[PDB]
């Protein structure tokens, strides 16, 4: 019964589901508690076809399952696969968005505000990630995870705020869809933005749906 389960559990149960939920604009990352049924019903989307589509990906081979992995290993993976990657992705995107906004300032399709939104996301992610790396992650490794409600609730409120920046970024770029007159820089930047969104959603999902609850439970 896929419809009755939370989006978070589904995204970590079946591979490429993250991308499927991304296709339907379903927030499995910060909204991972919500059931597929409730999320589908709010979008006016056909639940039965989504259940089927999941089975097609479900039967496909298993990747790494992080739900039962050691927390220290989840932490190390997050730092390297996600935090360090965001630290190099964002400065590049900011440079490209600066160029696209300038060069194409005359065009009605130019993503006005994109540079400013990427800049805000970079500044906020950087202080957020530093706190995780300096305090929350070490505290979990040193066995104080059951004591981490304070930082965790703050980290979760900041994940929601990052979620809102992503929505504004998606809206400014026509859901990251380049117009017909887009150039190579403009197209490659939109590919970078989609890659940043995919990574950031999987990053937030791993924190909200696995690391944080299991830490608090004393694992």
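Rigid core: the largest C-alpha set superposing within 1.5 Å between the two forms. Numbering follows the first chain given and starts at 1.
Exercise. Is the larger C-alpha RMS shift in 4 other deposited structures of this protein, relative to this form with the rigid core superposed, found in 24-32 or in 61-69?
Worked result: More C-alpha displacement in 4 other deposited structures of this protein shows up in 61-69.
*After a rigid core fit, does 161-169 or 36-44 show more C-alpha displacement in 4 other deposited structures of this protein?*
If we average over structures and residues in 4 other deposited structures of this protein, the farther stretch is 36-44.
ask   = With respect to the recorded C-alpha B factors, which stretch has the higher mean value, 125-133 or 67-75?
value = The entry gives the higher C-alpha B-factor average to 67-75.
Checklist entry - For the stretches 29-37 and 47-55, which has the higher mean C-alpha B-factor as given in the deposited record? => result Comparing 29-37 with 47-55, the higher average CA B-factor belongs to 47-55.
Margin query: Between 191, 157, 60, 175, which one tops the list for Cα B-factor in this entry?
Written below: Answer, based on the entry's C-alpha B-factors: 60.
Please rank the C-alpha B-factors of the chain's modelled residues and tell me whether residue 106 sits in the lowest, middle or highest third. CA B-factor rank for residue 106: highest third.
Third assignment of residue 19 from its chain's C-alpha B-factors | For residue 19, whose C-alpha B-factor we compare with every modelled residue in the chain, the answer is the highest third.
Lowest, middle or highest third of the chain for the C-alpha temperature factor of residue 180?
Ranked within chain, residue 180 CA B lands in the highest tercile.
(message) Taking only the Cα B-factors deposited for this chain, tell me whether residue 196 sits in the lowest, middle or highest third.
(response) Lowest third - that is where residue 196 ends up once the chain's C-alpha B-factors are sorted.
(Q) Splitting the chain's C-alpha B-factors into thirds, which one does residue 210 fall into? (A) It belongs to the middle third of the chain when residues are ordered by C-alpha B-factor.
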